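# Descriptive analysis of the structure
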2 protein chains.
Amino acid sequence: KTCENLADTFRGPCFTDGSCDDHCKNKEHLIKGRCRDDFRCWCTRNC
Amino acid sequence: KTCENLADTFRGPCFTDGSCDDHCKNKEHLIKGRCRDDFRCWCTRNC
C-alpha cells in the first residue's frame with residue numbers, strides 16, 4: 001500500500017513534476033513526487 | 001527494479017532527450033535517459 005500526501009518542505013508553487021519528484025526522492029527519500037492540480041508537490045510513500 | 005533519478009554531472013539545460021540518453025548510457029553506464037519538464041537530465045538504472 002502506498003499513500004500520497006503533500007511534500008513537507010518543497011518551496012513555492014509546483015510547476016514541474018521533475019522538481020517535485022526530485023524533492024520527494026532525494027530530500028524525503030520517498031517513492032516519487034508529482035505536482036497536482038493545486039500547484040503543490042505531492043509525494044508518494046509506502047504506507 | 002529500475003529507478004529513475006537525476007543525472008550526475010550532466011552540464012547545462014536538458015533540451016534534447018538524445019543528449020541525456022547519451023550521457024546516461026555512455027558516461028554513467030546506465031540504461032537510458034530523457035529530459036524532463038524541469039529541463040534536467042534523468043537517467044534510468046537497474047536498482
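The sections below set out a description of the structure shown in this document. (Residues numbered from 1 in each chain as written, not as in the entry; some residues may be left out. Chains lettered and ligands numbered in written order. Heavy atoms only, no water.)

A tally of helices and strands in chain A yields 1 helix and 3 strands. When its helices and strands are written in sequence order, chain A yields β-α-β-β. Overall size of chain A, expressed as C-alpha extent along the three principal axes, is 25 × 20 × 15 Å. Put simply, chain A has 47 residues, and 38% of those count as buried. A separation of at least 24 residues holds for 40% of the contacts in chain A among residues at least 6 apart in sequence. Chain A carries 9 positive and 8 negative side-chain charges, and their two centres are separated by 3 Å. (Helix = DSSP H or I, 4+ residues; strand = E, 2+ residues; numbered from the N terminus. Buried < 20%, exposed > 50% of the residue type's maximum accessible area, 1.4 Å probe, protein only. Contact = heavy atoms within 4.5 Å. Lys, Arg positive; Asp, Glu negative; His and termini not counted. Charge placed at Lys NZ, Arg CZ, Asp CG, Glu CD.)

Okay, the state of the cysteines next. Residues and elements named next belong to chain B. Within this structure, the stated rule accounts for 8 disulfides over all chains. The disulfide partner of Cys-20 is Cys-41, and the gap between their sulfur atoms is 2.0 Å. Handedness of the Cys-20-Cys-41 disulfide follows from its S-S torsion of about 80 degrees: it is right-handed. Placement of the pair is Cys-20 in helix α1 (residues 17-27) and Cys-41 in strand β3 (residues 41-46), with a sequence separation of 21 residues. Owing to a relative accessible area of 0%, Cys-20 belongs among the buried residues under this scheme. Classification of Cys-41 by relative accessible area gives buried; the value is 2%. (Disulfide = S-S within 2.5 Å.)

Take it as geometry only, folks, not as evidence of what the structure does.
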